[PDB]
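As structure tokens, the structure follows; a few thoughts come after it.
Naming convention: chains lettered A, B, ... in sequence-line order (proteins, then strands); numbering from 1 in each chain.
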2 protein chains.
Amino acid sequence: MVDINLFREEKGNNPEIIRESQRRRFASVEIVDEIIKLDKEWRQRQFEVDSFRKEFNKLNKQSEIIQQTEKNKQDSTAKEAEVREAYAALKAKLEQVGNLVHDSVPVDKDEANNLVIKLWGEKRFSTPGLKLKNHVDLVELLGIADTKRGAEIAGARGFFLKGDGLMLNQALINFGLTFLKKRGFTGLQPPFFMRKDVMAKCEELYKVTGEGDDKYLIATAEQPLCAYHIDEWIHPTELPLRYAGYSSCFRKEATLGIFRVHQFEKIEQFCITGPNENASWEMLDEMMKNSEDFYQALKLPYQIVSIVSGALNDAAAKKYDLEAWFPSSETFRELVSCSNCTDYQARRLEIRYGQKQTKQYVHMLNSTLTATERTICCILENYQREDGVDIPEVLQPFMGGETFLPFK
Amino acid sequence: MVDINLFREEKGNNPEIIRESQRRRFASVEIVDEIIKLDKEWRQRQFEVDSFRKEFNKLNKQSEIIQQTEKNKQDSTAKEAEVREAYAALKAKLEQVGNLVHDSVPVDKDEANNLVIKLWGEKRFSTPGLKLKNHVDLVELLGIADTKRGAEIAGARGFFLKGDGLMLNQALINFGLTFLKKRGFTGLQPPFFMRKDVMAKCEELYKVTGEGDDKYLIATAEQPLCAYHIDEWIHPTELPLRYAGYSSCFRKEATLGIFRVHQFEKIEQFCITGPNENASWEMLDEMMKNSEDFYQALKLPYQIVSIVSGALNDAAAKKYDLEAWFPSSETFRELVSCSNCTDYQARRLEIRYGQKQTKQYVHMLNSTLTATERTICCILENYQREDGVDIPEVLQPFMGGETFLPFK
């Protein structure tokens, strides 16, 4: 949720900023007045208690009187119930309000109008010499995934990684983790389980039943790496925090191919900053430079698009995608999303900024470095030859010096 | 299930072998006669069809006659139903019979009497200079797993791997995969999902709900690597097959420690052989030598125990455990199980041996190489110093040359 304080004229904050952000999200502007009207009620009860607190403690410092100090306690428990109700009803509207859309975000309702802002790399095309094959056919020819036997075993989109497929998957995971460890990141592998209560604050997911409470399978490392540091204080000397999240991922939405799948592995950049001095906006550039340097090391051409205000989800204040070149189909596909969600999750998760006045909260960002099966698919297409696939230079050490994967 | 043919005096096979194996499993010997009595019924119906087949086709080669060729079809569909019932009732008893216990297996009902057969390594002990800490306390001191934050997130026994904890986990996974790839193995990473129908032939597991049929989370790579090759023919030139299974594992049975946990990673040796020439018994030694060479490369002292006939599960014909030395508690704990299950799963999974007479079936074996979190725990205890933990020599390349993990 957003800071109630940014709706209060009282504290020297203009609620038009909220109204403008609603407009840019093509969402209710009327709700900003609804919330102001509710906040005011609630703060009156919040105060309408301390009226009967003082009048209660006023009687004290002395049945035309003894019956007066009776009702003033019946009051301060009756009115405390009203305060509870007000808080609750205020939660129901404020919950619905998206994060404040940064001004640099292109305003529009269709991702069709996503603003390309950067290009990189010399894109390969089908020549007369070699028709460029797609990832689906190159996985079959290389013999590095059993999607057929996978499908009988795990149901639809189910796949084994095999031989140099597993070595490659593992090569990319360790290349990514070392890549990021060199840039000040600490590895973190979360449990693939998470309690629904906790997921709430961070049903398009798998439910796992058995030991304890019903839990979800995680769609992204980003979800466990957000619950981590719940209810904690983080000291300014700790921030900024850089975690290289690693995990398997389970998506419900998706017998040939490993691009459009139910289970996959993923390195995530997850960063916490303090909420002042433009720190989170500086970290968003930092993480986006890291995503860039990495696809450049792999020598995969790409373009960076900024996401229209209309397409930002409720947590994101701003978002880029790195779309990389798939030469057989001459398309760019999404291999990175890079979000600054500022204090939106932090404030629900009571993740605070102080030593331990009025409450400050940390800023949190997330940026896929690589979804391995997707990155592989992109590697296959861009590195293919007449009779196999060359291995990118930087992955060659992690594959024991091998430079080539021949077709069966 | 076991080969019905080994219950038939008829084919030159002595059913006493079955009876003896039942004795060694301390299980029903009476059931071997029950099954013979059922098999005989079934084969009579199986034949009692071909009596009314020939008499039906006998009438043909000519209403004192035309009504005779009527009933002989009413028969051959009526008696075919009886054959179905016999087959089904025979399945219900034969299902309950364990695999034939190899003669080299120690006969006893208590694992207490497991026969140690081999020792290796110079075991470390608490000296006056250094009280040897346990894995639980060494994980806290090293700062390589958040079991506390894990527990709030994933419920009980839930843990993050962190910093050099993740690097180590990954070091062991890649050390194991290369270790095995050098010994003729092909990497395989299965889906962590598997359809209950399929699991049946390979409810102490997690159920996953969402897309498609209800599925289980796998307890071991061994389970998906068993369904793989279902209903297939394998050619003698293909066998023997060596797969290095890699996966996450989910066990229901288990906020400090990563040894006794719900989720963990595991390299498995899974091997298929032909069923003749003592091939599977030779492969069991091969896999057990591989498990040995690996804990020797890690320089972890261990002992090999042979499992008493009384403790073999229904698939295993024979089984060893490699128990490794945990010096703080001066105990050996199970880090490897090595099983030859011969044609027991193969025969349910219709995994055949021919080119493609009377049906031959492949032999299948499984042998944990490493459960990574457990192996780590064992590494921590055996490699500890006053102020940190040394990194095993062979894992040092995979950890970028680092030789030591200091306490926080």
Side-chain angles (χ1 to χ4, degrees), chain A residues 146 149-150 152-167 169-170 173-174 177-178 181 186-195 198 205-213 215 217 224-225 227-232 243-244 246 248 250 252 254 262-263 398 400, chain B residues 146 149-150 152-167 169-170 173-174 177-178 181 186-195 198 205-213 215 217 224-225 227-232 243-244 246 248 250 252 254 262-263 398 400:
Chain A
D146 209 313
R149 290 190 178 112
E152 294 159 81
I153 274 71
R157 308 315 317 153
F159 63 96
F160 292 75
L161 285 180
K162 187 162 173 150
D164 289 302
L166 181 43
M167 203 176 205
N169 197 56
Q170 280 303 301
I173 290 159
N174 278 75
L177 292 178
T178 59
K181 186 168 178 278
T186 289
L188 248 196
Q189 176 173 341
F192 305 167
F193 292 178
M194 187 173 337
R195 302 217 263 100
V198 182
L205 298 166
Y206 293 91
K207 284 165 288 168
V208 202
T209 82
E211 286 297 1
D213 308 302
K215 333 161 196 312
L217 284 170
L225 283 59
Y228 192 110
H229 283 322
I230 188 165
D231 268 313
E232 309 193 11
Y243 302 136
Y246 164 68
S248 281
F250 311 87
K252 288 212 296 173
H262 289 304
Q263 176 192 161
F398 295 90
Chain B
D146 209 313
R149 290 190 178 112
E152 294 159 81
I153 274 71
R157 308 315 317 153
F159 63 96
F160 292 75
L161 285 180
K162 187 162 173 150
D164 289 302
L166 181 43
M167 203 176 205
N169 197 56
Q170 280 303 301
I173 290 159
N174 278 75
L177 292 178
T178 59
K181 186 168 178 278
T186 289
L188 248 196
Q189 176 173 341
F192 305 167
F193 292 178
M194 187 173 337
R195 302 217 263 100
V198 182
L205 298 166
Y206 293 91
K207 284 165 288 168
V208 202
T209 82
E211 286 297 1
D213 308 302
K215 333 161 196 312
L217 284 170
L225 283 59
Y228 192 110
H229 283 322
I230 188 165
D231 268 313
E232 309 193 11
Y243 302 136
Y246 164 68
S248 281
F250 311 87
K252 288 212 296 173
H262 289 304
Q263 176 192 161
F398 295 90

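- We find the CG-CZ distance between A:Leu217 and B:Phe193 to be 5.5 Å, quoted to the nearest 0.5 Å.
- With a 4.5 Å cut-off on side-chain heavy atoms, A:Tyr243 and A:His229 count as touching.
- Only the side chain of A:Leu166 comes within less than 4.5 Å of a heavy atom of chain B; its backbone N, CA, C and O stay farther away.
- Remark: B:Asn169 engages B:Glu265, B:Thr372 in a side-chain hydrogen bond (donor to acceptor under 3.5 Å, both in side chains) (not counting sequence neighbours).
- When the side-chain hydrogen bond (donor to acceptor under 3.5 Å, both in side chains) test is applied to B:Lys162, the partners found at least two apart in sequence or on another chain are A:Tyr228.
- Contact annotation for A:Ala227: both backbone and side-chain heavy atoms come within less than 4.5 Å of a heavy atom of chain B.
- Ranked by heavy-atom pairs shorter than 4.5 Å toward chain A, the options B:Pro191, B:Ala156, B:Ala154 are led by B:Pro191.
- For A:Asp213, no part lies near chain B; criterion is any non-hydrogen pair under 4.5 Å.
- For a residue to count as touching a neighbouring chain, one of its non-hydrogen atoms must lie under 4.5 Å from one of that chain's; by this rule A:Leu188 touches chain B with backbone and side chain alike.
- Of the atoms belonging to A:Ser248, it is side-chain heavy atoms, and not backbone ones, that fall under 4.5 Å from chain B.
- Using a 4.5 Å heavy-atom threshold, the side chains of A:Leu225 and B:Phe160 count as touching.
- In this structure, chain B has heavy atoms under 4.5 Å from both the backbone and the side chain of A:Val208.
- Atoms NZ and NE2, on B:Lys252 and B:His262 in that order, are 10.0 Å from each other to the nearest 0.5 Å.
- The candidate from B:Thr178, B:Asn174, B:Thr186, B:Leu177 with the greatest count of non-hydrogen atom pairs under 4.5 Å with chain A is B:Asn174.
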